[PDB]
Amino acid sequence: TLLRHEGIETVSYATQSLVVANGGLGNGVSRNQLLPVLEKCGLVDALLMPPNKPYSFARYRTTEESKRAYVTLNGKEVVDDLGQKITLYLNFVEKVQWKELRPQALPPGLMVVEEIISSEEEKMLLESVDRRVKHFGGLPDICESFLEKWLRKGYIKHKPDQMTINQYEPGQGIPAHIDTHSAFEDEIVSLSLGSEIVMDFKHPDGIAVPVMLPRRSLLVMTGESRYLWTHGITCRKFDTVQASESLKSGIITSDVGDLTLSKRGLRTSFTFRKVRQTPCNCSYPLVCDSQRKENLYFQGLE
């Protein structure tokens, strides 16, 4: 399913150990949560839960008990610290090992302009609007002033003709996705204000880059970062960041310094896109609705 990119080898025969997909700490599943469910099938000799991973490893005393878990727990639902439902998927593993990845680069074509606006400029926009969502496109002069500067500065190359307002509350976010190709051009920028947050960007092949969007920052995503990748916001109330560069934006790597968590706040976003007139024709037909419009096969795959 995903374990492929994760470097986890699975076998088709019963074994004492098995990987538990979606049963990891990085998914919101606690040891006090999973361990009980696991023991319900046998004597759990070990529950290995690697940090920041959407999975954990379980090992039973006998290979028979393990098979019981594989056939009874597979598909079982559990509630994370986010008060959400998540199904578990177990698989037999001969050995317990996985790959650790630490992206050093933002998805190509993505860039976060820090302190794009001032404090008063932030306060203003916030008190001039009134999961909460709001569409446009049209564009209120309230920002026609800013956009103009955006272009001159060079941060943006095209003036948008549509804008969406998103207001997220501590806990709520938005599931991963990719803005429609045939709907907007190759340039979608997003101004985050009120309270910093962490946007997740994922590549189909497997790469996972958790980008931290600070307040008063303009996330501009173009190219691959806007056509192939996928942006989302894990619904949580606490984001983990690096001690020093906590307020700074970028990739939140680990093992390079002491780590500390931060509480979320009422974040409001202003996404700007230019509605496309022609049909999209990028280099990513795997996700481009326009380029795969007339393909019975793709159609079947919905």
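Note that residue numbering begins at 1 and tracks the sequence as displayed.
**Q** Between residue 137 and residue 138, determine how many residues of the deposited chain lack coordinates; answer none if the chain runs continuously, otherwise 1 to 3, 4 to 9, or 10 or more.
**A** Missing in between: 10 or more residues.
**Q** Per the record, how many residues of the deposited chain fall between residue 130 and residue 131 without being modelled: none, 1 to 3, 4 to 9, or 10 or more?
**A** In the record, 10 or more residues between residue 130 and residue 131 lack coordinates.
**Q** Could you check the entry and say whether 167 to 175 or 80 to 88 has the higher mean CA B-factor?
**A** Per the deposited B-factors, the answer is 80 to 88.
**Q** Between 55 to 63 and 266 to 274, which has the higher average C-alpha B-factor in the PDB entry?
**A** The stretch with the larger mean CA B-factor is 266 to 274.
**Q** Highest Cα temperature factor in the entry, among the options 102, 231, 159, 95: which one is it?
**A** Highest C-alpha B-factor among the listed residues goes to 159.
**Q** Going by the entry, which of 120, 200, 224, 205 has the most elevated CA B factor?
**A** Highest C-alpha B-factor among the listed options: 120.
**Q** Report the third (lowest, middle or highest) to which the CA temperature factor of residue 180 belongs, ranking only the modelled residues of the same chain.
**A** Lowest third of the chain for residue 180's C-alpha B-factor.
**Q** Of the three thirds of its chain by CA temperature factor, lowest, middle or highest, which one includes residue 295?
**A** Lowest third.
**Q** Going by what the PDB entry lists, where does residue 108 fall on CA B-factor within its chain: lowest, middle or highest third?
**A** It falls in the bottom third of the chain.
**Q** Among the modelled residues of its chain, does the C-alpha B-factor of residue 261 lie in the lowest, middle or highest third?
**A** Top third by C-alpha B-factor.
**Q** Name the third of the chain's ranked CA B-factors that contains residue 243, choosing lowest, middle or highest.
**A** Ranked within chain, residue 243 CA B lands in the highest tercile.
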